[PDB]
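Just input14.cif here, mmCIF, C-alpha atoms:
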data_upload
loop_
_atom_site.label_atom_id
_atom_site.label_comp_id
_atom_site.auth_asym_id
_atom_site.auth_seq_id
_atom_site.Cartn_x
_atom_site.Cartn_y
_atom_site.Cartn_z
CA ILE A 1021 158.39 143.05 122.88
CA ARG A 1022 156.38 143.21 119.58
CA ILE A 1023 155.84 139.39 119.37
CA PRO A 1024 152.10 139.00 120.12
CA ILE A 1025 151.31 136.11 122.51
CA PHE A 1026 148.47 133.61 122.63
CA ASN A 1027 147.27 130.23 124.01
CA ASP B 676 141.89 117.17 120.78
CA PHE B 677 144.42 114.35 120.23
CA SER B 678 147.76 115.06 118.58
CA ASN B 679 150.84 112.92 117.98
CA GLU B 680 152.87 116.00 119.13
CA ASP B 681 151.89 115.02 122.72
CA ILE B 682 155.09 112.90 122.88
CA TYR B 683 157.06 116.19 123.01
CA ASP B 684 154.95 117.45 125.97
CA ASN B 685 154.77 114.22 128.04
CA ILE B 686 158.53 113.68 128.57
CA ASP B 687 158.82 112.42 132.20
CA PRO B 688 160.50 115.28 134.14
CA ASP B 689 161.77 112.81 136.78
CA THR B 690 164.08 111.33 134.09
CA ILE B 691 165.82 114.75 133.85
CA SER B 692 168.46 115.24 136.57
CA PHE B 693 168.28 118.81 137.97
CA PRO B 694 169.81 121.18 137.13
CA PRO B 695 170.37 119.95 133.60
CA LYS B 696 173.83 120.48 132.02
CA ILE B 697 172.37 122.79 129.34
CA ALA B 698 170.87 125.09 132.04
CA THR B 699 173.73 127.51 132.52
CA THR B 700 173.98 130.82 134.45
CA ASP B 701 173.97 132.76 131.16
CA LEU B 702 170.36 131.53 130.59
CA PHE B 703 168.99 131.19 134.16
CA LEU B 704 169.03 133.27 137.32
CA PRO B 705 169.93 132.04 140.81
CA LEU B 706 166.20 131.40 141.61
CA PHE B 707 166.05 128.66 138.94
CA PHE B 708 168.83 126.67 140.59
CA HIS B 709 166.87 126.67 143.88
CA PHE B 710 164.13 124.43 142.41
CA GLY B 711 164.43 120.94 143.87
CA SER B 712 163.69 119.00 140.70
CA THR B 713 162.79 119.39 137.04
CA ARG B 714 159.16 118.62 137.94
CA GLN B 715 159.06 121.51 140.45
CA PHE B 716 160.36 123.95 137.80
CA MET B 717 157.90 122.66 135.19
CA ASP B 718 154.97 122.94 137.58
CA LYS B 719 155.90 126.61 138.40
CA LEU B 720 156.28 127.30 134.66
CA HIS B 721 152.73 125.85 134.14
CA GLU B 722 151.37 128.21 136.85
CA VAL B 723 153.00 131.29 135.18
CA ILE B 724 151.96 130.52 131.60
CA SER B 725 148.36 129.67 132.77
CA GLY B 726 147.95 133.33 133.85
CA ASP B 727 145.84 135.91 132.04
CA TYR B 728 147.96 137.54 129.29
CA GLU B 729 146.49 139.73 126.55
CA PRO B 730 148.30 139.51 123.14
CA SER B 731 150.15 142.80 123.89
CA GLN B 732 151.54 141.61 127.29
CA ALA B 733 154.78 139.83 126.29
CA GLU B 734 156.68 142.24 128.65
CA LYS B 735 154.58 141.25 131.74
CA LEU B 736 154.98 137.54 130.89
CA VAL B 737 158.77 137.94 130.52
CA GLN B 738 158.88 139.72 133.91
CA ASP B 739 156.87 136.94 135.60
CA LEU B 740 159.10 134.22 134.03
CA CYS B 741 162.10 136.05 135.51
CA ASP B 742 160.57 136.58 139.00
CA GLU B 743 158.85 133.21 139.46
CA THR B 744 160.89 130.70 137.42
CA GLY B 745 164.35 132.35 137.14
CA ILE B 746 164.44 132.45 133.33
CA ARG B 747 166.51 135.43 132.08
CA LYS B 748 164.47 138.04 130.18
CA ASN B 749 166.53 137.90 126.99
CA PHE B 750 166.18 134.08 126.92
CA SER B 751 162.35 134.19 127.50
CA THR B 752 162.12 136.80 124.70
CA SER B 753 164.15 134.61 122.31
CA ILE B 754 162.01 131.55 123.19
CA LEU B 755 158.73 133.48 122.71
CA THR B 756 159.98 134.60 119.29
CA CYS B 757 160.87 131.10 118.10
CA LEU B 758 157.48 129.81 119.34
CA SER B 759 155.67 132.53 117.24
CA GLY B 760 154.19 133.66 120.60
CA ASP B 761 152.41 130.33 121.31
CA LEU B 762 152.63 130.10 125.12
CA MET B 763 151.36 126.50 125.07
CA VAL B 764 154.69 125.37 123.51
CA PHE B 765 156.85 126.90 126.42
CA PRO B 766 156.84 123.68 128.48
CA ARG B 767 157.73 121.66 125.39
CA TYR B 768 160.72 123.95 124.78
CA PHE B 769 162.24 123.33 128.21
CA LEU B 770 161.51 119.59 128.39
CA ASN B 771 163.16 118.99 125.02
CA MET B 772 166.03 121.42 125.68
CA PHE B 773 166.77 119.66 128.94
CA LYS B 774 166.32 116.08 127.70
CA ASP B 775 168.40 116.66 124.52
CA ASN B 776 171.05 118.89 126.18
CA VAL B 777 170.71 121.28 123.19
CA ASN B 778 169.42 124.85 122.96
CA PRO B 779 167.21 125.37 121.03
CA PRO B 780 165.84 121.85 120.56
CA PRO B 781 166.38 121.31 116.81
CA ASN B 782 163.62 118.86 115.81
CA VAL B 783 160.51 119.76 117.78
CA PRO B 784 157.11 120.74 116.29
CA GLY B 785 156.29 124.36 117.19
CA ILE B 786 159.92 125.37 117.85
CA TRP B 787 161.22 127.33 114.89
CA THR B 788 164.97 127.10 114.36
CA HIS B 789 167.18 129.33 112.20
CA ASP B 790 167.28 126.53 109.58
CA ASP B 791 163.47 126.31 109.60
CA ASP B 792 163.15 130.08 108.99
CA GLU B 793 165.64 129.81 106.09
CA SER B 794 163.60 126.91 104.61
CA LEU B 795 160.45 129.05 104.89
CA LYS B 796 161.96 131.87 102.80
CA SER B 797 163.69 129.51 100.33
CA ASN B 798 160.78 129.14 97.76
CA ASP B 799 161.86 125.39 97.59
CA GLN B 800 159.06 122.75 97.29
CA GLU B 801 161.08 120.01 99.12
CA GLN B 802 162.15 122.31 102.01
CA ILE B 803 158.55 123.53 102.44
CA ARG B 804 157.28 119.89 102.43
CA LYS B 805 159.71 118.99 105.27
CA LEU B 806 158.88 122.18 107.09
CA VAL B 807 155.09 121.62 107.01
CA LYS B 808 155.65 117.99 108.05
CA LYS B 809 157.44 119.36 111.16
CA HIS B 810 155.22 122.31 112.10
CA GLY B 811 152.04 121.93 110.04
CA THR B 812 150.30 124.30 107.67
CA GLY B 813 148.70 126.48 110.35
CA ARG B 814 152.03 127.24 112.03
CA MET B 815 153.72 127.78 108.66
CA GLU B 816 151.07 130.35 107.67
CA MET B 817 151.44 132.13 111.05
CA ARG B 818 155.25 132.23 110.63
CA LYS B 819 154.88 133.73 107.13
CA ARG B 820 152.52 136.42 108.52
CA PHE B 821 155.20 137.26 111.19
CA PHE B 822 157.81 137.73 108.42
CA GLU B 823 155.35 139.77 106.29
CA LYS B 824 154.64 142.12 109.26
CA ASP B 825 158.41 142.56 110.00
CA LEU B 826 158.10 140.90 113.44
CA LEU B 827 161.19 138.65 112.82
#
Show me, as C-alpha cells, the structure contained in the file I just sent.
Amino acid sequence: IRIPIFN
Amino acid sequence: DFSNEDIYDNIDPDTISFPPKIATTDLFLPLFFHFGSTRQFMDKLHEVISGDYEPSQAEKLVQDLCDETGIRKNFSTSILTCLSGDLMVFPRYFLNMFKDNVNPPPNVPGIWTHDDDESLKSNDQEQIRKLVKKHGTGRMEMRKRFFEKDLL
C-alpha cells in the first residue's frame, strides 16, 4: 500500500 | 492535549451489542466473530495499532489486523486510506461504524468520506468552511498533499 501511516 | 473530538473516541463499547449488524462477513473474517464483546475487539485493536510501524509498513499493519482482529485486508486498506494513514483514528472508525450501523461513518472528524473529498476539490468557499469545521485545517492540508502526490 502507498498510503504512508503515522500516529 | 484536550479535544472536543474525544466524544467520538469515548463511545461506551458495552452499549454496542456484538457482533454489530453492520459487521458482515464481507468485511470481517471468522476470527472477528469469535470475540466475546465489542470491548474485547476494541482492546485487541488497541494492542495491534500500538505496535511499532514505520511510515512504509502499511502492508505489515494490514496483515496484523487480519491475523489478530479478523479485519479483511481490503477493508483495512480502505479504512487506512480514508483516515489519511492516521492510525490513532482506527478505533474511532469502528466505534462510530458500529454505533451508527453505517459504513463508513459519515460525520466523524478524521474520517474522510467521498463527499468530503469532492468538497475538497470543489474550489467552493462554503464547502471548504464546512470541511475544515469537520476535520480541521491540519487534516485538510494533509488531504490536499495526498491528492497532490497522487496517493488517492
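Candidate residues B:794, B:725, B:776, B:782 were compared for distance to residue 698 in chain B, and the nearest is B:776, using all atoms listed in the file.
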- Spell out the residues picked by the PyMOL selection byres ((chain B) within 7 of (chain A)) here, as an NGL selection string. :B and (730-731 or 733-734 or 756 or 760-763 or 826)
- Task: Evaluate the PyMOL selection byres ((chain B and resi 694-696) around 12) here and jot the selected residues down as a count of residues only.
- Result: 34
- Item | Separation of CA of residue 810 in chain B from CA of residue 726 in chain B, in Å and rounded to one decimal | 25.4 Å
- Atom pair CA of residue 807 in chain B + CA of residue 766 in chain B, distance 21.6 Å
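Taking CA of residue 822 in chain B and CA of residue 682 in chain B as the two end points, the separation is 28.9 Å.
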- Message: Can you tell me which residues surround residue 818 in chain B at a distance of at most 12 Å, considering all atoms listed in the file, apart from same-chain residues fewer than 2 positions away, and format the answer as a VMD selection string?
- Response: (chain A and resid 1023) or (chain B and resid 756 to 761 785 to 788 791 to 796 806 to 807 810 to 816 820 to 827)
- Taking the point (161.3, 140.8, 135.0) as given in the file, collect each protein or nucleic acid residue that comes within 9 Å of it, counting all atoms listed in the file, and present the set as JSON, numbers by chain. {"B": [734, 735, 736, 737, 738, 739, 740, 741, 742, 747, 748]}
Could you add N, CA and C atoms to range 798-825 of chain B and give me the result as a PDB file, in the coordinates of the input?
ATOM      1  N   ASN B 798     161.551 129.381  99.005  1.00  0.00           N
ATOM      2  CA  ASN B 798     160.780 129.140  97.760  1.00  0.00           C
ATOM      3  C   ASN B 798     161.060 127.705  97.228  1.00  0.00           C
ATOM      4  N   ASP B 799     161.575 126.732  98.090  1.00  0.00           N
ATOM      5  CA  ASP B 799     161.860 125.390  97.590  1.00  0.00           C
ATOM      6  C   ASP B 799     160.785 124.393  98.027  1.00  0.00           C
ATOM      7  N   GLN B 800     160.137 123.718  97.044  1.00  0.00           N
ATOM      8  CA  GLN B 800     159.060 122.750  97.290  1.00  0.00           C
ATOM      9  C   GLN B 800     159.419 121.685  98.342  1.00  0.00           C
ATOM     10  N   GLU B 801     160.604 121.065  98.214  1.00  0.00           N
ATOM     11  CA  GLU B 801     161.080 120.010  99.120  1.00  0.00           C
ATOM     12  C   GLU B 801     161.281 120.530 100.547  1.00  0.00           C
ATOM     13  N   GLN B 802     161.909 121.714 100.690  1.00  0.00           N
ATOM     14  CA  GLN B 802     162.150 122.310 102.010  1.00  0.00           C
ATOM     15  C   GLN B 802     160.846 122.674 102.686  1.00  0.00           C
ATOM     16  N   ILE B 803     159.873 123.193 101.910  1.00  0.00           N
ATOM     17  CA  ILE B 803     158.550 123.530 102.440  1.00  0.00           C
ATOM     18  C   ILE B 803     157.795 122.260 102.856  1.00  0.00           C
ATOM     19  N   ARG B 804     157.922 121.167 102.078  1.00  0.00           N
ATOM     20  CA  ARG B 804     157.280 119.890 102.430  1.00  0.00           C
ATOM     21  C   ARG B 804     157.791 119.409 103.799  1.00  0.00           C
ATOM     22  N   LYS B 805     159.118 119.422 104.004  1.00  0.00           N
ATOM     23  CA  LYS B 805     159.710 118.990 105.270  1.00  0.00           C
ATOM     24  C   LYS B 805     159.313 119.907 106.418  1.00  0.00           C
ATOM     25  N   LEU B 806     159.269 121.197 106.125  1.00  0.00           N
ATOM     26  CA  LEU B 806     158.880 122.180 107.090  1.00  0.00           C
ATOM     27  C   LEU B 806     157.439 122.004 107.553  1.00  0.00           C
ATOM     28  N   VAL B 807     156.495 121.792 106.620  1.00  0.00           N
ATOM     29  CA  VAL B 807     155.090 121.620 107.010  1.00  0.00           C
ATOM     30  C   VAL B 807     154.907 120.290 107.690  1.00  0.00           C
ATOM     31  N   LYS B 808     155.712 119.273 107.350  1.00  0.00           N
ATOM     32  CA  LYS B 808     155.650 117.990 108.050  1.00  0.00           C
ATOM     33  C   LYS B 808     156.032 118.176 109.546  1.00  0.00           C
ATOM     34  N   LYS B 809     157.006 119.058 109.805  1.00  0.00           N
ATOM     35  CA  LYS B 809     157.440 119.360 111.160  1.00  0.00           C
ATOM     36  C   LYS B 809     156.436 120.178 111.938  1.00  0.00           C
ATOM     37  N   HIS B 810     156.039 121.328 111.385  1.00  0.00           N
ATOM     38  CA  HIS B 810     155.220 122.310 112.100  1.00  0.00           C
ATOM     39  C   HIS B 810     153.739 122.332 111.761  1.00  0.00           C
ATOM     40  N   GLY B 811     153.388 121.863 110.573  1.00  0.00           N
ATOM     41  CA  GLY B 811     152.040 121.930 110.040  1.00  0.00           C
ATOM     42  C   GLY B 811     151.776 123.204 109.274  1.00  0.00           C
ATOM     43  N   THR B 812     150.692 123.178 108.501  1.00  0.00           N
ATOM     44  CA  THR B 812     150.300 124.300 107.670  1.00  0.00           C
ATOM     45  C   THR B 812     149.931 125.542 108.464  1.00  0.00           C
ATOM     46  N   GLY B 813     149.153 125.359 109.522  1.00  0.00           N
ATOM     47  CA  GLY B 813     148.700 126.480 110.350  1.00  0.00           C
ATOM     48  C   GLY B 813     149.856 127.264 110.920  1.00  0.00           C
ATOM     49  N   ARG B 814     150.841 126.554 111.494  1.00  0.00           N
ATOM     50  CA  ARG B 814     152.030 127.240 112.030  1.00  0.00           C
ATOM     51  C   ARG B 814     152.851 127.900 110.933  1.00  0.00           C
ATOM     52  N   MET B 815     152.975 127.225 109.785  1.00  0.00           N
ATOM     53  CA  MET B 815     153.720 127.780 108.660  1.00  0.00           C
ATOM     54  C   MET B 815     153.091 129.087 108.174  1.00  0.00           C
ATOM     55  N   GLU B 816     151.762 129.126 108.087  1.00  0.00           N
ATOM     56  CA  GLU B 816     151.070 130.350 107.670  1.00  0.00           C
ATOM     57  C   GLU B 816     151.272 131.450 108.719  1.00  0.00           C
ATOM     58  N   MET B 817     151.214 131.109 110.025  1.00  0.00           N
ATOM     59  CA  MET B 817     151.440 132.130 111.050  1.00  0.00           C
ATOM     60  C   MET B 817     152.866 132.695 110.930  1.00  0.00           C
ATOM     61  N   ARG B 818     153.850 131.816 110.727  1.00  0.00           N
ATOM     62  CA  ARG B 818     155.250 132.230 110.630  1.00  0.00           C
ATOM     63  C   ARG B 818     155.471 133.175 109.428  1.00  0.00           C
ATOM     64  N   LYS B 819     154.839 132.862 108.319  1.00  0.00           N
ATOM     65  CA  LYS B 819     154.880 133.730 107.130  1.00  0.00           C
ATOM     66  C   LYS B 819     154.288 135.097 107.424  1.00  0.00           C
ATOM     67  N   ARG B 820     153.156 135.146 108.145  1.00  0.00           N
ATOM     68  CA  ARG B 820     152.520 136.420 108.520  1.00  0.00           C
ATOM     69  C   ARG B 820     153.477 137.254 109.387  1.00  0.00           C
ATOM     70  N   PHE B 821     154.208 136.592 110.319  1.00  0.00           N
ATOM     71  CA  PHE B 821     155.200 137.260 111.190  1.00  0.00           C
ATOM     72  C   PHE B 821     156.273 137.915 110.341  1.00  0.00           C
ATOM     73  N   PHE B 822     156.812 137.177 109.359  1.00  0.00           N
ATOM     74  CA  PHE B 822     157.810 137.730 108.420  1.00  0.00           C
ATOM     75  C   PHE B 822     157.252 138.875 107.579  1.00  0.00           C
ATOM     76  N   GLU B 823     156.012 138.737 107.094  1.00  0.00           N
ATOM     77  CA  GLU B 823     155.350 139.770 106.290  1.00  0.00           C
ATOM     78  C   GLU B 823     155.179 141.090 107.068  1.00  0.00           C
ATOM     79  N   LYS B 824     154.872 140.978 108.364  1.00  0.00           N
ATOM     80  CA  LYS B 824     154.640 142.120 109.260  1.00  0.00           C
ATOM     81  C   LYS B 824     155.939 142.690 109.866  1.00  0.00           C
ATOM     82  N   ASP B 825     157.097 142.119 109.514  1.00  0.00           N
ATOM     83  CA  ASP B 825     158.410 142.560 110.000  1.00  0.00           C
ATOM     84  C   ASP B 825     158.540 142.406 111.512  1.00  0.00           C
TER      85      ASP B 825
END
